[PDB]
Student: 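Handing you a structure now.
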Amino acid sequence: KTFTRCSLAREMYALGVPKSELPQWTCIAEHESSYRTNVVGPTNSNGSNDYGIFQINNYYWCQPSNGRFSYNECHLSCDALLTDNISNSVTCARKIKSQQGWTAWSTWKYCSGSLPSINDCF
């Protein structure tokens, strides 16, 4: 359903995400999905859709279960990104960050500043 900054921070930390990255991740999530896990974003101009809490693109990162060509660089169904369990979205988001950086998110431009500490979450 819907996370809050801290619940998401807590879960991602739990999943192995460095606290250092959490203000950024949660900023991204707020911008991308308002923390909603089950969102498929509006169709992009190229016919793709973004999936899940981090709005991961179904052309590059996950495989549409509808058969649509994808690079599926995260090696998962896009549906896997819509689950209440953010594990898949977290791993995939982390892989994307690893490959293309935060800059892979359009919303990064909002999230690249001096974000508040995540410490209040712990």
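By convention here, the first residue in the shown sequence is residue 1.
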Student: If two hydrophobic side chains count as joined below 4.5 Å and joins carry through other members, does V39 share a cluster with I28?
Tutor: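 No, no single cluster joins them.
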Student: Please evaluate residues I53 and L8 with respect to the criterion side-chain contact (heavy atoms from CB on, under 4.5 Å), reporting the C-alpha separation (whole Å), side-chain torsions for both, the decisive distance (0.1 Å), and the verdict.
Tutor: CA-CA 10 Å; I53 197 167; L8 174 69; 3.7 Å; yes
Student: To the closest 0.5 Å, what do you measure between OG (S89) and CG (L81)?
Tutor: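 Those atoms lie 4.0 Å apart.
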Student: Would you be so kind as to tabulate the donor-acceptor pairs closer than 3.5 Å made by side chains of residues 108-118, with sequence neighbours excluded?
Tutor:
from, atom 1, to, atom 2, distance (Å)
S117, OG, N119, N, 3.1
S117, OG, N119, ND2, 3.3

Student: With sequence neighbours left out, write down each residue that passes salt bridge (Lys or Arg N to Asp or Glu O under 4.0 Å) with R5, or none if nothing qualifies.
Tutor: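 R5: salt bridge (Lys or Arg N to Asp or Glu O under 4.0 Å) contacts with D120.
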Student: Measure the OG1-CD distance between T26 and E32 for me, rounded to the nearest 0.5 Å.
Tutor: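 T26 atom OG1 to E32 atom CD measures 12.5 Å (nearest 0.5 Å).
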Student: Are side-chain N/O atoms of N58 and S70 paired as donor and acceptor at under 3.5 Å?
Tutor: no
Student: Show the nearest heavy-atom pair for residues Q24 and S20, with the distance to one decimal.
Tutor: OE1-O, 3.1 Å
Student: Can you measure from NZ (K19) to CZ (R10) and round to the nearest 0.5 angstrom?
Tutor: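 Here the rounded value is 11.0 Å.
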Student: For the atom pair CH2 (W61) and OG (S48), what is the distance rounded to the nearest 0.5 Å?
Tutor: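 Reported to 0.5 Å precision, the distance equals 13.0 Å.
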Student: In Å and rounded to the nearest 0.5 Å, what is the OH to OG distance from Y51 to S77?
Tutor: 8.5 Å
Student: Would a 4.5 Å heavy-atom cut-off, applied to side chains only, mark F122 and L22 as touching?
Tutor: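 They are in side-chain contact.
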Student: Under the 3.5 angstrom rule, does the side chain of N88 hit a backbone N or O of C92 as a donor-acceptor pair?
Tutor: no
Student: Hey, could you give me each pair passing salt bridge (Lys or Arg N to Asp or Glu O under 4.0 Å) that has a residue in residues 89-102? Not counting sequence neighbours.
Tutor: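 Counting only pairs at least two positions apart or across chains, the salt bridge (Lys or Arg N to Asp or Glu O under 4.0 Å) contacts touching residues 89-102 are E21-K97, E73-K95.
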Student: For the OH atom on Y71, are there more than 12 heavy atoms of other groups (residues, nucleotides or ligands in this structure) within a distance under 6.0 Å?
Tutor: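 Counting neighbours around OH of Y71, 12 or fewer heavy atoms of other residues, nucleotides or ligands fall under 6.0 Å, so no.
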Student: So, applying ring-ring contact (aromatic ring centres under 6.0 Å, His included) with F54, which one of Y35, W25, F3 is it?
Tutor: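 Among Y35, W25, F3, the one meeting ring-ring contact (aromatic ring centres under 6.0 Å, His included) with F54 is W25.
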Student: Taking less than 2.5 Å as the test, are the sulfur gamma atoms of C62 and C78 close enough?
Tutor: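 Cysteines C62 and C78 qualify as a disulfide pair, their SG atoms being under 2.5 Å apart.
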Student: Please tell me if the side chains of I96 and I56 come closer than 4.5 Å, counting only heavy atoms from C-beta onward.
Tutor: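 In short, these two side chains touch, coming nearer than 4.5 Å.
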Student: Rounded at 0.5 Å granularity, tell me how far OG1 in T91 sits from NE2 in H75.
Tutor: 13.0 Å
Student: So, does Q63 use its side chain to make a donor-acceptor pair with the main chain of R68 at under 3.5 Å?
Tutor: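 A pair under 3.5 Å: yes.
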Student: Would you say the side-chain atoms of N44 pair up with the backbone N or O of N46, donor to acceptor, closer than 3.5 Å?
Tutor: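 Checked: no pair found.
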Student: Taking side chain as C-beta onward, heavy atoms only, is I86 less than 4.5 Å from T37?
Tutor: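 In contact.
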Student: Does any non-hydrogen side-chain atom of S34 lie less than 4.5 Å from one of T2?
Tutor: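 SC-SC contact between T2 and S34 ruled out.
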Student: Measure the shortest side-chain to side-chain distance between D50 and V40 over non-hydrogen atoms and say whether it is less than 4.5 angstrom.
Tutor: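 Answer no - side chains too far apart.
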Student: Counting N and O atoms only, with roles assigned by atom type, does the side chain of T103 sit under 3.5 Å from a partner on the main chain of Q100, one being a donor and the other an acceptor?
Tutor: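 Such a contact is found between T103 side chain and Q100 backbone.
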Student: Could you tell me if the side chain of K1 sits less than 4.5 Å from the side chain of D84, heavy atoms only?
Tutor: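 SC-SC contact between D84 and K1 ruled out.
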